[PDB]
$ cat final.txt   # compact mmCIF, C-alpha atoms
# COMPACT_ATOMS: atom_id res chain seq x y z
CA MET A 579 118.34 115.57 61.63
CA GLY A 580 117.84 119.34 61.54
CA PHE A 581 120.58 120.20 59.08
CA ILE A 582 120.63 118.55 55.68
CA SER A 583 120.78 120.03 52.14
CA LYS A 584 117.80 119.89 49.87
CA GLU A 585 119.86 117.59 47.66
CA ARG A 586 121.19 114.84 49.94
CA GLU A 587 117.69 114.72 51.42
CA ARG A 588 115.98 113.65 48.18
CA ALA A 589 118.91 111.25 47.73
CA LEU A 590 118.16 109.73 51.15
CA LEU A 591 114.51 109.50 50.46
CA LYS A 592 114.67 106.95 47.75
CA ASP A 593 114.14 104.64 50.67
CA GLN A 594 110.83 103.26 51.55
CA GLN A 595 107.10 103.50 51.97
CA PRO A 596 105.62 106.50 50.12
CA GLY A 597 105.28 108.01 53.62
CA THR A 598 108.65 108.65 55.12
CA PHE A 599 109.53 112.13 56.34
CA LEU A 600 112.52 114.06 57.64
CA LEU A 601 112.78 116.60 60.24
CA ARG A 602 114.51 119.66 58.82
CA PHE A 603 115.34 123.09 59.85
CA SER A 604 114.55 125.69 57.20
CA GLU A 605 117.48 127.69 55.81
CA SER A 606 115.22 130.42 54.39
CA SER A 607 113.83 131.62 57.82
CA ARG A 608 115.10 134.49 59.80
CA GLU A 609 113.12 133.37 62.77
CA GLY A 610 114.38 129.81 62.65
CA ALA A 611 111.59 127.49 61.66
CA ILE A 612 111.40 123.66 61.70
CA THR A 613 109.73 121.64 58.83
CA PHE A 614 109.42 118.00 57.58
CA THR A 615 109.81 116.27 54.22
CA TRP A 616 108.08 113.09 52.89
CA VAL A 617 107.76 111.03 49.70
CA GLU A 618 105.09 109.39 47.52
CA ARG A 619 104.62 107.09 44.53
CA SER A 620 103.91 109.05 41.29
CA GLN A 621 103.01 106.04 39.06
CA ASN A 622 105.83 106.85 36.59
CA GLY A 623 107.80 103.98 38.17
CA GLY A 624 110.25 105.98 40.30
CA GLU A 625 110.74 108.73 42.87
CA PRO A 626 108.08 111.44 43.61
CA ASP A 627 108.46 115.19 43.32
CA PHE A 628 108.60 114.52 47.07
CA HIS A 629 106.83 116.97 49.38
CA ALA A 630 107.62 119.47 52.06
CA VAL A 631 105.68 121.85 54.26
CA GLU A 632 105.74 125.61 54.89
CA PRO A 633 107.98 125.86 57.95
CA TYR A 634 106.66 126.07 61.43
CA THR A 635 107.92 129.05 63.42
CA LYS A 636 107.25 129.86 67.07
CA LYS A 637 104.05 131.61 66.16
CA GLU A 638 102.36 128.35 65.24
CA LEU A 639 104.24 126.32 67.82
CA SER A 640 103.12 128.68 70.60
CA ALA A 641 99.62 127.60 69.88
CA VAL A 642 100.18 123.94 69.24
CA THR A 643 103.16 121.68 69.89
CA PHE A 644 105.24 120.27 67.10
CA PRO A 645 104.41 116.63 67.75
CA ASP A 646 100.71 117.34 67.69
CA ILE A 647 100.95 119.11 64.45
CA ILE A 648 102.39 115.94 62.96
CA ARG A 649 100.00 113.47 64.53
CA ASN A 650 97.08 115.13 62.98
CA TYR A 651 98.42 116.30 59.69
CA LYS A 652 95.80 116.16 56.97
CA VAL A 653 95.88 117.37 53.54
CA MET A 654 92.31 117.60 52.28
CA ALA A 655 90.05 117.93 49.29
CA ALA A 656 86.56 119.22 48.52
CA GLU A 657 84.61 115.99 49.00
CA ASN A 658 87.16 113.25 49.63
CA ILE A 659 88.14 111.63 52.91
CA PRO A 660 91.48 113.22 54.14
CA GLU A 661 94.82 111.46 54.11
CA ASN A 662 97.63 111.41 56.71
CA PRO A 663 100.73 110.95 54.51
CA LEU A 664 102.99 110.28 57.44
CA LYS A 665 103.81 106.70 58.41
CA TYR A 666 107.60 106.24 58.90
CA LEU A 667 110.17 108.73 60.27
CA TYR A 668 113.65 108.12 58.90
CA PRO A 669 114.70 104.46 58.49
CA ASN A 670 111.63 102.53 59.53
CA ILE A 671 109.85 103.78 62.62
CA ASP A 672 106.09 103.95 62.88
CA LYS A 673 105.01 107.54 63.47
CA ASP A 674 102.96 106.70 66.54
CA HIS A 675 106.04 105.18 68.22
CA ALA A 676 108.77 107.78 67.76
CA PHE A 677 106.55 110.70 68.81
CA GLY A 678 104.21 108.62 70.88
CA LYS A 679 105.28 109.81 74.26
CA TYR A 680 105.20 113.48 73.32
CA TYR A 681 101.54 113.60 72.33
CA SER A 682 99.43 115.65 74.75
CA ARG A 683 96.85 113.42 76.53
CA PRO A 684 95.78 110.20 74.66
CA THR A 699 75.02 121.12 79.65
CA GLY A 700 78.48 120.35 78.21
CA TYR A 701 80.63 122.13 75.63
CA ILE A 702 82.07 120.26 72.63
CA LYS A 703 85.87 119.68 72.51
CA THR A 704 88.10 121.30 69.89
CA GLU A 705 91.88 121.23 69.36
CA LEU A 706 93.92 122.74 66.58
CA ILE A 707 94.98 121.27 63.31
CA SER A 708 97.22 121.95 60.35
CA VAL A 709 95.87 121.03 56.99
CA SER A 710 96.83 121.56 53.35
CA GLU A 711 94.96 122.11 50.02
CA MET B 579 75.12 138.74 70.50
CA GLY B 580 77.72 138.56 73.26
CA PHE B 581 75.59 138.57 76.29
CA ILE B 582 72.67 136.08 76.55
CA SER B 583 71.51 133.38 79.05
CA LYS B 584 71.76 129.77 78.10
CA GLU B 585 67.99 129.73 78.30
CA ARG B 586 66.78 132.43 75.98
CA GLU B 587 69.38 131.18 73.53
CA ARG B 588 67.81 127.76 73.05
CA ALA B 589 64.38 129.38 73.03
CA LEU B 590 65.44 131.63 70.14
CA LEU B 591 67.05 128.80 68.30
CA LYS B 592 63.88 127.12 67.41
CA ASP B 593 64.25 129.22 64.35
CA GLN B 594 65.70 127.78 61.28
CA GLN B 595 67.93 125.59 59.20
CA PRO B 596 69.76 123.02 61.30
CA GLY B 597 72.72 125.34 60.80
CA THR B 598 72.26 128.61 62.60
CA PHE B 599 74.67 129.81 65.32
CA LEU B 600 75.04 132.84 67.51
CA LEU B 601 78.01 134.43 68.92
CA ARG B 602 78.24 134.27 72.82
CA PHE B 603 80.75 135.35 75.33
CA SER B 604 81.34 132.58 77.86
CA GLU B 605 80.19 132.98 81.46
CA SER B 606 82.43 130.24 82.76
CA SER B 607 86.00 131.55 81.91
CA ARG B 608 87.80 134.17 83.77
CA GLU B 609 89.94 134.77 80.78
CA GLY B 610 87.23 135.89 78.46
CA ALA B 611 86.61 133.64 75.72
CA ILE B 612 84.02 133.84 72.99
CA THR B 613 82.01 130.89 71.67
CA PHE B 614 79.39 129.90 69.18
CA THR B 615 76.05 128.12 69.37
CA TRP B 616 74.19 126.22 66.54
CA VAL B 617 71.31 123.81 65.93
CA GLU B 618 70.56 120.47 64.21
CA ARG B 619 67.65 118.14 63.39
CA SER B 620 67.52 115.04 65.64
CA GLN B 621 64.87 113.06 63.67
CA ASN B 622 62.49 112.97 66.67
CA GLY B 623 60.51 115.74 64.94
CA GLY B 624 61.70 118.74 66.98
CA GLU B 625 64.59 120.73 68.39
CA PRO B 626 68.15 119.27 68.79
CA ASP B 627 70.21 118.95 71.92
CA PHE B 628 71.68 121.94 70.06
CA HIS B 629 75.41 122.44 70.19
CA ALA B 630 77.92 124.75 71.48
CA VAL B 631 81.80 124.58 71.46
CA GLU B 632 84.54 124.94 74.05
CA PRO B 633 85.19 128.71 74.36
CA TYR B 634 87.83 130.41 72.30
CA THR B 635 90.12 132.60 74.31
CA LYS B 636 93.16 134.71 73.43
CA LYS B 637 95.54 131.82 73.38
CA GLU B 638 93.78 130.26 70.44
CA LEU B 639 92.87 133.49 68.76
CA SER B 640 96.51 134.62 68.86
CA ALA B 641 97.28 131.91 66.35
CA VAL B 642 94.44 132.17 63.93
CA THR B 643 91.65 134.72 63.80
CA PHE B 644 88.19 134.07 65.15
CA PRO B 645 86.44 134.69 61.81
CA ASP B 646 88.77 132.19 60.19
CA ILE B 647 87.88 129.66 62.78
CA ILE B 648 84.32 130.14 61.56
CA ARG B 649 84.94 129.81 57.89
CA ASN B 650 86.53 126.44 58.25
CA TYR B 651 84.93 124.80 61.20
CA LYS B 652 84.82 121.07 60.83
CA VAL B 653 83.84 118.21 63.04
CA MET B 654 85.15 114.92 61.69
CA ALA B 655 85.07 111.15 61.90
CA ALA B 656 87.31 108.14 61.30
CA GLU B 657 86.62 107.61 57.60
CA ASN B 658 83.83 110.02 56.73
CA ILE B 659 83.86 113.27 54.80
CA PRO B 660 83.83 116.24 57.32
CA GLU B 661 80.83 118.49 57.83
CA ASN B 662 80.51 122.23 58.24
CA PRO B 663 77.64 122.92 60.69
CA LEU B 664 77.62 126.63 60.34
CA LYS B 665 75.52 128.12 57.56
CA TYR B 666 73.24 130.91 58.87
CA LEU B 667 74.23 133.38 61.53
CA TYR B 668 71.22 134.73 63.40
CA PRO B 669 67.94 135.34 61.52
CA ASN B 670 69.06 134.34 58.02
CA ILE B 671 72.48 135.40 56.81
CA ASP B 672 74.78 133.15 54.84
CA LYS B 673 78.08 132.59 56.64
CA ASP B 674 79.97 133.67 53.56
CA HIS B 675 78.30 137.09 53.71
CA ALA B 676 78.34 138.26 57.29
CA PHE B 677 81.97 137.38 57.83
CA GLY B 678 82.98 137.53 54.23
CA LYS B 679 84.82 140.74 54.55
CA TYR B 680 87.11 139.89 57.43
CA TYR B 681 88.44 136.63 55.95
CA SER B 682 92.23 136.80 55.50
CA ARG B 683 93.20 136.62 51.78
CA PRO B 684 90.49 134.82 49.65
CA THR B 699 111.57 123.84 44.76
CA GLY B 700 108.38 125.38 46.22
CA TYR B 701 106.98 125.03 49.75
CA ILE B 702 103.52 123.63 50.43
CA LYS B 703 100.93 125.86 52.08
CA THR B 704 99.56 124.93 55.45
CA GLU B 705 96.91 126.55 57.58
CA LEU B 706 95.48 126.17 61.00
CA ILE B 707 91.96 124.92 61.51
CA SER B 708 89.61 124.13 64.36
CA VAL B 709 88.10 120.69 64.50
CA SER B 710 85.91 118.59 66.77
CA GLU B 711 85.56 114.77 67.33

$ encode --input "final.txt" --output "structure tokens"
Amino acid sequence: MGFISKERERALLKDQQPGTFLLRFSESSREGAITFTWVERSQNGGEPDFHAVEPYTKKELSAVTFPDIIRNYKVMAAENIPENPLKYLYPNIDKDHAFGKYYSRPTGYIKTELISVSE
Amino acid sequence: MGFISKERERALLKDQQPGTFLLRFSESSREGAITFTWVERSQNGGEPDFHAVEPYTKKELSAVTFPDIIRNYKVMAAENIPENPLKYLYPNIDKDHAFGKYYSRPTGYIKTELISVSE
């Protein structure tokens, strides 16, 4: 969607599964930086404070593609299994369908790949 | 340690805590690419198959610094807390000492990092 105001975004995420997420451009870049936004359940019986991510410039994207960021988003803790709070894109589309086709790929060194993680 | 043969490496890692690691430069790139090597306990009452990682070249290091790879190395699973097999550098030196001093740093956007991860 790229361009949308951080007002009519919230008011378009009072949709669905605590786990829908926009694609936005950031307005506060000078390098032009893409981002996403997603939504939870807060227990108060309503909308979340919602959630967005520090926007991904070329720097990061040089080193790993946008899709692949998403696939493997975490969020973490000290000693808790890590979440993946990304299920459905805009209306209802399973992550691993929209961006399926863009994923890269799927005595002996051990295989690493990069990963963006919060907290 | 840079330069060493993958013979007198193993035979100098029958030192210590299942959790020591050198630094090595890789012999098998042309691009020049550093790597690390570390050791476990296999339960058989001896040395591990040991472990070393796919070599980290410029590309990767462009994006996030080598030290910072170290700090936050993972290894993961489906639904298991993620480990940190790097504790002691060569003879006995706590990770968070050797490479302390190079670490970078320690409605409202949420802070992301990059991180290197296996499995």

$ interface_residues --input "final.txt" --of "chain A" --to "chain B" --cutoff "10 Å" --atoms "only C-alpha atoms" --output "PyMOL selection string"
chain A and resi 584+627+629-634+637-642+647+651-661+699-711

$ calpha_fit_and_write --input "final.txt" --fixed "chain B" --moving "chain A" --output "PDB file with C-alpha atoms, in the frame of the given file"
ATOM      1  CA  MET A 579      75.050 139.193  70.635  1.00  0.00           C
ATOM      2  CA  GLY A 580      77.727 138.461  73.236  1.00  0.00           C
ATOM      3  CA  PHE A 581      75.503 138.320  76.291  1.00  0.00           C
ATOM      4  CA  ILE A 582      72.566 135.942  76.362  1.00  0.00           C
ATOM      5  CA  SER A 583      71.543 133.244  78.894  1.00  0.00           C
ATOM      6  CA  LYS A 584      71.814 129.604  78.039  1.00  0.00           C
ATOM      7  CA  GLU A 585      68.024 129.491  78.255  1.00  0.00           C
ATOM      8  CA  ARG A 586      66.752 132.321  76.042  1.00  0.00           C
ATOM      9  CA  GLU A 587      69.334 131.162  73.504  1.00  0.00           C
ATOM     10  CA  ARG A 588      67.799 127.704  73.001  1.00  0.00           C
ATOM     11  CA  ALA A 589      64.431 129.493  72.946  1.00  0.00           C
ATOM     12  CA  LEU A 590      65.682 131.713  70.105  1.00  0.00           C
ATOM     13  CA  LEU A 591      67.103 128.833  68.224  1.00  0.00           C
ATOM     14  CA  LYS A 592      63.892 127.127  67.416  1.00  0.00           C
ATOM     15  CA  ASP A 593      64.242 129.186  64.288  1.00  0.00           C
ATOM     16  CA  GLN A 594      65.578 127.812  61.132  1.00  0.00           C
ATOM     17  CA  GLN A 595      67.946 125.673  59.142  1.00  0.00           C
ATOM     18  CA  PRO A 596      69.694 123.046  61.300  1.00  0.00           C
ATOM     19  CA  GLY A 597      72.748 125.323  60.930  1.00  0.00           C
ATOM     20  CA  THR A 598      72.181 128.593  62.662  1.00  0.00           C
ATOM     21  CA  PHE A 599      74.641 129.773  65.294  1.00  0.00           C
ATOM     22  CA  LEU A 600      75.010 132.529  67.868  1.00  0.00           C
ATOM     23  CA  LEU A 601      77.931 134.427  68.936  1.00  0.00           C
ATOM     24  CA  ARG A 602      78.242 134.213  72.709  1.00  0.00           C
ATOM     25  CA  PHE A 603      80.594 135.221  75.348  1.00  0.00           C
ATOM     26  CA  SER A 604      81.281 132.479  77.880  1.00  0.00           C
ATOM     27  CA  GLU A 605      80.277 133.165  81.490  1.00  0.00           C
ATOM     28  CA  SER A 606      82.496 130.377  82.862  1.00  0.00           C
ATOM     29  CA  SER A 607      85.869 131.943  81.719  1.00  0.00           C
ATOM     30  CA  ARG A 608      88.133 134.005  83.815  1.00  0.00           C
ATOM     31  CA  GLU A 609      90.058 135.048  80.781  1.00  0.00           C
ATOM     32  CA  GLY A 610      87.000 136.099  78.828  1.00  0.00           C
ATOM     33  CA  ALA A 611      86.437 133.742  75.951  1.00  0.00           C
ATOM     34  CA  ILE A 612      84.060 133.992  72.952  1.00  0.00           C
ATOM     35  CA  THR A 613      82.083 130.924  71.616  1.00  0.00           C
ATOM     36  CA  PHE A 614      79.199 130.107  69.183  1.00  0.00           C
ATOM     37  CA  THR A 615      76.050 127.989  69.361  1.00  0.00           C
ATOM     38  CA  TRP A 616      74.179 126.144  66.538  1.00  0.00           C
ATOM     39  CA  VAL A 617      71.285 123.720  66.021  1.00  0.00           C
ATOM     40  CA  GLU A 618      70.460 120.485  64.171  1.00  0.00           C
ATOM     41  CA  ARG A 619      67.597 118.134  63.317  1.00  0.00           C
ATOM     42  CA  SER A 620      67.506 115.057  65.634  1.00  0.00           C
ATOM     43  CA  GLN A 621      64.818 113.062  63.727  1.00  0.00           C
ATOM     44  CA  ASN A 622      62.514 112.970  66.791  1.00  0.00           C
ATOM     45  CA  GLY A 623      60.444 115.702  65.097  1.00  0.00           C
ATOM     46  CA  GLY A 624      61.594 118.724  67.118  1.00  0.00           C
ATOM     47  CA  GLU A 625      64.514 120.731  68.480  1.00  0.00           C
ATOM     48  CA  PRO A 626      68.097 119.309  68.805  1.00  0.00           C
ATOM     49  CA  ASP A 627      70.186 119.002  71.941  1.00  0.00           C
ATOM     50  CA  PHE A 628      71.696 121.976  70.095  1.00  0.00           C
ATOM     51  CA  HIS A 629      75.483 122.339  70.110  1.00  0.00           C
ATOM     52  CA  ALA A 630      78.139 124.647  71.404  1.00  0.00           C
ATOM     53  CA  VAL A 631      81.911 124.823  71.317  1.00  0.00           C
ATOM     54  CA  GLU A 632      84.673 124.999  73.940  1.00  0.00           C
ATOM     55  CA  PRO A 633      85.294 128.741  74.180  1.00  0.00           C
ATOM     56  CA  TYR A 634      88.010 130.480  72.311  1.00  0.00           C
ATOM     57  CA  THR A 635      90.358 132.532  74.480  1.00  0.00           C
ATOM     58  CA  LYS A 636      93.211 134.769  73.349  1.00  0.00           C
ATOM     59  CA  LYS A 637      95.566 131.839  73.283  1.00  0.00           C
ATOM     60  CA  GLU A 638      93.842 130.337  70.266  1.00  0.00           C
ATOM     61  CA  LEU A 639      92.908 133.687  68.778  1.00  0.00           C
ATOM     62  CA  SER A 640      96.543 134.836  68.898  1.00  0.00           C
ATOM     63  CA  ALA A 641      97.313 132.108  66.470  1.00  0.00           C
ATOM     64  CA  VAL A 642      94.282 132.320  64.260  1.00  0.00           C
ATOM     65  CA  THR A 643      91.571 134.956  63.922  1.00  0.00           C
ATOM     66  CA  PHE A 644      88.039 134.340  65.037  1.00  0.00           C
ATOM     67  CA  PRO A 645      86.457 134.614  61.605  1.00  0.00           C
ATOM     68  CA  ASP A 646      88.857 132.091  60.166  1.00  0.00           C
ATOM     69  CA  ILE A 647      88.137 129.651  62.852  1.00  0.00           C
ATOM     70  CA  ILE A 648      84.498 129.754  61.807  1.00  0.00           C
ATOM     71  CA  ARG A 649      85.005 129.597  58.066  1.00  0.00           C
ATOM     72  CA  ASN A 650      86.807 126.377  58.326  1.00  0.00           C
ATOM     73  CA  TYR A 651      85.083 124.671  61.172  1.00  0.00           C
ATOM     74  CA  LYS A 652      84.919 120.927  60.682  1.00  0.00           C
ATOM     75  CA  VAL A 653      83.816 118.290  62.932  1.00  0.00           C
ATOM     76  CA  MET A 654      85.187 114.991  61.656  1.00  0.00           C
ATOM     77  CA  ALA A 655      84.993 111.237  61.815  1.00  0.00           C
ATOM     78  CA  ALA A 656      87.277 108.265  61.194  1.00  0.00           C
ATOM     79  CA  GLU A 657      86.466 107.644  57.531  1.00  0.00           C
ATOM     80  CA  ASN A 658      83.660 110.027  56.606  1.00  0.00           C
ATOM     81  CA  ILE A 659      83.851 113.280  54.676  1.00  0.00           C
ATOM     82  CA  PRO A 660      83.774 116.242  57.209  1.00  0.00           C
ATOM     83  CA  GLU A 661      80.831 118.557  57.698  1.00  0.00           C
ATOM     84  CA  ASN A 662      80.705 122.351  58.193  1.00  0.00           C
ATOM     85  CA  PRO A 663      77.568 122.760  60.351  1.00  0.00           C
ATOM     86  CA  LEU A 664      77.508 126.499  59.958  1.00  0.00           C
ATOM     87  CA  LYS A 665      75.259 128.085  57.340  1.00  0.00           C
ATOM     88  CA  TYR A 666      73.206 130.968  58.853  1.00  0.00           C
ATOM     89  CA  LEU A 667      74.201 133.453  61.595  1.00  0.00           C
ATOM     90  CA  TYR A 668      71.212 134.747  63.531  1.00  0.00           C
ATOM     91  CA  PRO A 669      68.044 135.452  61.499  1.00  0.00           C
ATOM     92  CA  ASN A 670      68.979 134.404  57.998  1.00  0.00           C
ATOM     93  CA  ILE A 671      72.409 135.456  56.810  1.00  0.00           C
ATOM     94  CA  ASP A 672      74.662 133.183  54.811  1.00  0.00           C
ATOM     95  CA  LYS A 673      77.897 132.601  56.707  1.00  0.00           C
ATOM     96  CA  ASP A 674      80.096 133.649  53.809  1.00  0.00           C
ATOM     97  CA  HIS A 675      78.371 137.059  53.691  1.00  0.00           C
ATOM     98  CA  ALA A 676      78.366 138.261  57.294  1.00  0.00           C
ATOM     99  CA  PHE A 677      82.020 137.340  57.897  1.00  0.00           C
ATOM    100  CA  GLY A 678      83.024 137.558  54.287  1.00  0.00           C
ATOM    101  CA  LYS A 679      85.054 140.693  54.482  1.00  0.00           C
ATOM    102  CA  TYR A 680      86.985 139.604  57.556  1.00  0.00           C
ATOM    103  CA  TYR A 681      88.477 136.460  56.046  1.00  0.00           C
ATOM    104  CA  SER A 682      92.243 136.720  55.535  1.00  0.00           C
ATOM    105  CA  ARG A 683      93.121 136.577  51.793  1.00  0.00           C
ATOM    106  CA  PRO A 684      90.581 134.760  49.500  1.00  0.00           C
ATOM    107  CA  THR A 699     111.448 123.990  44.632  1.00  0.00           C
ATOM    108  CA  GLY A 700     108.327 125.233  46.463  1.00  0.00           C
ATOM    109  CA  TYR A 701     106.953 124.535  49.937  1.00  0.00           C
ATOM    110  CA  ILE A 702     103.348 123.385  50.441  1.00  0.00           C
ATOM    111  CA  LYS A 703     100.882 125.826  52.100  1.00  0.00           C
ATOM    112  CA  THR A 704      99.340 125.164  55.512  1.00  0.00           C
ATOM    113  CA  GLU A 705      96.996 127.238  57.699  1.00  0.00           C
ATOM    114  CA  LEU A 706      95.396 126.341  60.986  1.00  0.00           C
ATOM    115  CA  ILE A 707      92.109 124.704  61.688  1.00  0.00           C
ATOM    116  CA  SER A 708      89.764 123.877  64.527  1.00  0.00           C
ATOM    117  CA  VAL A 709      88.070 120.551  64.376  1.00  0.00           C
ATOM    118  CA  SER A 710      85.942 118.390  66.669  1.00  0.00           C
ATOM    119  CA  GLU A 711      85.500 114.615  67.333  1.00  0.00           C
TER     120      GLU A 711
END

$ atom_distance --input "final.txt" --atom1 "atom CA of residue 628 of chain B" --atom2 "atom CA of residue 590 of chain B"
11.5 Å

$ atom_distance --input "final.txt" --atom1 "atom CA of residue 599 of chain B" --atom2 "atom CA of residue 663 of chain B"
8.8 Å

$ residues_around --input "final.txt" --residues "residue 617 of chain B" --least-positions-apart "4" --cutoff "6 Å" --atoms "only C-alpha atoms" --output "JSON, numbers by chain"
{"B": [596, 597, 598, 628]}

$ closest_residue --input "final.txt" --among "B:594, B:650, B:583, B:622" --to "residue 671 of chain B" --atoms "only C-alpha atoms"
B:594

$ axis_aligned_box --input "final.txt" --around "segment 587-591 of chain B" --padding-each-side "5 Å" --output "JSON"
{"center_x": 66.9, "center_y": 129.7, "center_z": 70.9, "size_x": 15.0, "size_y": 13.9, "size_z": 15.2}
